[PDB]
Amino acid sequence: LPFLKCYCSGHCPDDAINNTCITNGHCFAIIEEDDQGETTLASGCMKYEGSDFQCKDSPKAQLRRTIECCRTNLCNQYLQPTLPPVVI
């Protein structure tokens, strides 16, 4: 749907202004733990097409990560995702 503006960090297109991007889909924030246990945060824009899958994510992904999506102007900033429990 919208003309949606999102913050981007780590996923910025090369023509981003003010670390923002525009989309017809969603803003996202993601916390992820790499294969060394270092945790990083990233954010950006996601196309509407395929967003059901990406916002859901797989609970069986090998690395710990949580993605959260929203559809309000720069709503990206208020997203504070938390890593899921370690699989024992």
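Numbers follow the displayed sequence, beginning with 1. Basically, rigid core = biggest C-alpha set you can superpose within 1.5 Å across the two forms.
*Asks:* Superpose by the rigid core: which stretch, 77-85 or 4-12, shows more Cα shift in 5 other deposited structures of this protein?
*Replies:* The answer is 77-85, which departs more from the shown form in 5 other deposited structures of this protein.
*Asks:* Given a rigid core fit, name the stretch, 23-31 or 36-44, whose C-alphas are on average farther from the form shown here in 5 other deposited structures of this protein.
*Replies:* This comes out as 36-44, the stretch further from the shown form in 5 other deposited structures of this protein.
*Asks:* If you average the Cα B factors in the entry, which is higher, 53-61 or 36-44?
*Replies:* Mean B over CA atoms: larger for 36-44.
*Asks:* Do the CA atoms of 62-70 or those of 13-21 have the higher mean B-factor in the entry?
*Replies:* According to the entry, 13-21 carries the higher average C-alpha B-factor.
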